[PDB]
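Protein chains in written order, with our numbering: chain A, 1 to 66; chain B, 1 to 97; chain C, 1 to 117; chain D, 1 to 88. Idealized CB from N, CA, C, for every residue including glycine. A short write-up of the structure that comes next.
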Amino acid sequence: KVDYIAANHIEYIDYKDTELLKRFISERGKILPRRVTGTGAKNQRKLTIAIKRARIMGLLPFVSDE
Amino acid sequence: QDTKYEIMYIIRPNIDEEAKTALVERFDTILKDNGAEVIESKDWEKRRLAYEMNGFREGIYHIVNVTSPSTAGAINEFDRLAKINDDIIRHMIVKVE
Amino acid sequence: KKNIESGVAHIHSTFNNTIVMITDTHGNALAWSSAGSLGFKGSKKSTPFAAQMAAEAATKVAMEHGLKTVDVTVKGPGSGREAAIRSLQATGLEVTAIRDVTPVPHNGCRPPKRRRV
Amino acid sequence: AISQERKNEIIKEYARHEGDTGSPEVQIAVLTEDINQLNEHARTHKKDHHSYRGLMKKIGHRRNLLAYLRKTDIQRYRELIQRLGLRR
RNA sequence: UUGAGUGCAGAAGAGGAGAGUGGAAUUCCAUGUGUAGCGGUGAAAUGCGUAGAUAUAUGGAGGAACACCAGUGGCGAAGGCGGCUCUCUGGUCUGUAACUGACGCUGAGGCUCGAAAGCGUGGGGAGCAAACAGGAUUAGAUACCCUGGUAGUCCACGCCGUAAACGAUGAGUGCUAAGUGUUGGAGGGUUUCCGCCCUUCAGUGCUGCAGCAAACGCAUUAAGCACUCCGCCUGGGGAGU
C-alpha cells in the first residue's frame, strides 16, 4: 500500500544524486529499512551499494550527531 | 568488446591555475599511452566534504570517462600514480552500466 | 578565576558509579565531583541520589569562577542520567543543549564471556 | 572462459554441416577448448576449489560424449582423435 | 523426439581466488587542564593511583572484526559465505525450438573436498582466553564470582580427516484435494498496472483432506502410492575394548 519510490521511471541510481538519495537516510544518518519506507526488492540493494560508495568520497556523512 | 569507467578524484583548493591543468593533462596522457580511449574530462563541482580527510574540508571534483579492453593496463598505471601523488585526496574507479 | 563563563559539563555513569566533570569548551579541567568522594560507598554509589549530590558539589564550586550556561555530555548507561541534569537545573544553572554520546562500535571488538550465576 | 567469438568461430571448422551445434564432434571440440583455458586458470590460482569442481564435471561430460561417439561408429572416433590429438 | 544435451535471447546472487582501499571502536604513546580517588561485588577483597590516577582535549601507532540496511531473505553438493572497488573464474533459472538423435540413472574398490580443536616452518600480535597467580564464598572448593595472564585465536605453505558434520529423513523419476504468505521470472486484460486482476515455471515457509503411523505426527518441499541402484541392522553389557 505504501507507494513505491520508483513510480517515476528511474533506472540508474548513479550514487551521486544526493538529492535523490536523501529520501532514505535517517534524520540522524542511518539507513531506513524497507518495511519502513516501503521500497522494492531489488531496489533495496542498489540503494545501499550506492550510498556506501558515496560515504567514502565524502558526499555523505558517516555520523551526523554533533 | 570494451568496458566502461568513471574515474572521479579530488583535488585540493590550495592549487595554482597551471598546476591543475598540467596534472589533468598528465593524467590524460598516462591514460592514453596504455591503450585507453579518453572520451572527455570535466570538473564536477567545487565541493566541501561532510568530514575532513587529512587537513582539508573542500576539494575540486574532476571526472573522466574512459573505455578500454579488459587486459588494458590503463588502470593499474593510473592508480599506481594517483595514490602515490600529493594533490589528490581519493579516487574511485567504477564500471559504468 | 578568569571568569570564562562558557563551558561544557560531562556525565559518565556506569552500573556502579557516577561522575560529573565541568570544563570549558576545549576544555581544560575546571571542577568535578563523584559519589566516590562524597563519602558514599560501593553498594550505594549507583543510586539516583548520589547523582544529585555529586552534581551539586560540583556546580556550587564551578559557578564561583564565573559560569552561567553550560553544555551537557551524557555517556554511561546507568541510573543518574535523569537526576543529574535536573539537579544541575535546580541549583541555578543554564542547561541548554543535551546530546547523548554513548560509544557504539562498528563490531570490531570481542566482549568478555557471559557470567554464570 | 571463451567468448562468442572463438565459440562461434570453431564450431564452423568442425561443423558436419550448417548449424551443427549438436553433432557430438563439435561439442567435444568446444569442451576441449574450455577445459584448456580452465587448466590455465587453475595453474594461476591453485586454491579455487569451487571451480576445479566444474572443471571435473566438464571432463566427465566430454568423456561420456566420446564413449557414445565410439559405439555408433569407429572411423569418426579415430579420425577425430587424430584430428584433435588426445586420448593417452 | 517427449529424456539428456547443444545454439540463440534474457535474469538474479554474503558462489571462489588474487590485488588494493574506508570509517567507527578498544588499547598503548605524546602533550594541555586537573585533583584524590578510580575499578569491582549478593557483600567484600585483590588491584592501578600524590614518580599525578580515573576524567578530559589534540595528534600519532598498531592489529583485528565489519554498527545501521538485516528479512521463516539470497548463493553454494555439503563444511559454509555479509565494509568498498578492480583482474581472473564456476554454477543455477525463464524464453525460443536452430541442431545431435537415448548419448540415461545409480554407482563396491579409487580419487577430490572437508567446522572447531591440534602439529610443523616463518611472520604478526589490539582485544579475548584453556594452563597458571592472586583475591574472595565454603565444613572442604585445586569450581561457579573478581583482578591479572601464556600458548591459541590472524597471515603463507604443508599435515591430521574428525562433530548433535541434523530435517538424526540416500539418490533418480512419475502419480494423488485445498488455502495462505514470500525471493526470481515469462505471458494475457485493465492500463499512466511501473501501482491491480488472470495463467504458468522455479525455490522457499504455515495450516490442512485422503492415505499412513505403536502413538507423537507427515501430508505436491510426503514419513502416501510405486519401479531401479547403493549403504546399513538383528537383546542389553563386555567395547568401537
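For the pair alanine 50/B and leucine 60/A, the Cα-to-Cα distance works out to about 6 Å.
Taking 9 Å as the upper bound on Cβ-Cβ separation, chain B lies near residues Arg53, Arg55, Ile56, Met57, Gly58, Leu59, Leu60, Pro61, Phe62, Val63 and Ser64 of the stretch 45-66 of chain A. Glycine 80/C sits close to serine 13/C, with the two beta carbons spaced by under 7 Å.
Between the alpha carbons of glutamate 11/A and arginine 12/B lies a gap of roughly 33 Å.
If you draw a straight line from the Cα of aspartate 24/C to the Cα of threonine 59/C, it is about 13 Å long. Inter-residue distance for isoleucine 89/B and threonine 96/C is about 38 Å (C-alpha atoms, whole angstroms). With a 10 Å radius around the Cβ and a threshold of 16 neighbouring Cβ atoms, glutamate 19/A comes out exposed. Among the CB atoms of chain A, one or more fall inside 7 Å of the CB of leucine 49/B. Annotation: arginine 88/D to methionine 56/D spans about 18 Å, alpha carbon to alpha carbon. A contact between stretches requires three or more CB pairs, one per stretch, nearer than 8 Å, and the stretch 75-92 of chain B fails this requirement with the stretch 44-53 of chain C. Apart from sequence neighbours up to five positions away, the residues of its chain that approach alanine 72/B with a beta-carbon distance below 7 Å are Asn34, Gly35 and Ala36, ordered along the chain. Counting every other CB atom within 10 Å of its CB across the protein chains shown gives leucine 38/C a total below 16, marking it as exposed.
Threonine 102/C sits away from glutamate 56/C, with the two beta carbons spaced by 7 Å or more. Close CB contacts of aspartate 20/D within its chain, under the 6 Å cut and outside five residues either way in sequence, are with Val26 (chain order). Across the structure, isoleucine 39/B and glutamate 97/B are spaced so that their CA atoms are roughly 16 Å apart. In the structure shown, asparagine 65/B falls within a strand segment according to DSSP collapsed to helix, strand and coil. Distance between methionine 53/B and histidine 41/D, taken at the CA atoms: about 40 Å. If the five residues before and after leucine 32/A are omitted, its C-beta is found closer than 8 Å to the C-beta atoms of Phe24, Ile25 and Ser26, all from its own chain and listed in chain order.
For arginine 90/B, the uninterrupted beta strand (DSSP E) run begins and ends at 88-92, by DSSP. Residue environment: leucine 86/D is assigned as exposed (fewer than 16 neighbouring CB atoms within 10 Å of its CB, all protein chains considered). Excluding five sequence positions before and after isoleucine 13/A, the CB atoms of its chain that fall closer than 7 Å to its own CB belong to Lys46, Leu47 and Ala50, given in chain order.
Annotation for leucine 80/D: the continuous alpha helix (DSSP H) segment containing it runs 75-84. Within chain A, the residues placing a beta-carbon under 9 Å from that of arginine 90/B are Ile56, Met57 and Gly58, ordered along the chain.
In chain order, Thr18, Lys45, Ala50 and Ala54 place their CB closer than 6 Å to the CB of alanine 35/C, counting only its own chain and leaving out the 5 sequence neighbours on each side.
As a beta-bridge residue in DSSP terms, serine 41/B pairs with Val64/B. Of the residues assessed, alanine 67/D falls on the exposed side of the cut-off, its CB having fewer than 16 other CB atoms within 10 angstroms. With a contact defined as Cβ atoms closer than 8 Å, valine 8/C and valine 70/C qualify at about 6 Å.
In this chain, the alpha helix (DSSP H) harbouring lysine 57/D covers 49-70. Excluding residues up to 5 positions away in sequence, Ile11, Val20, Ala51 and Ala55 lie with their Cβ nearer than 7 Å to the Cβ of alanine 84/C in the same chain. Between the alpha carbons of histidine 9/A and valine 24/B lies a distance of about 36 Å.
Using a 10 angstroms sphere on the CB of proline 111/C, the tally of other CB atoms stays under 16, which defines it as exposed.
For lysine 7/D and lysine 58/D, the gap between their C-alpha atoms comes out near 16 Å. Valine 64/B places its beta carbon less than 7 Å from that of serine 41/B. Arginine 62/D is classed as buried because its beta carbon has at least 16 other beta carbons within 10 Å across all chains shown.
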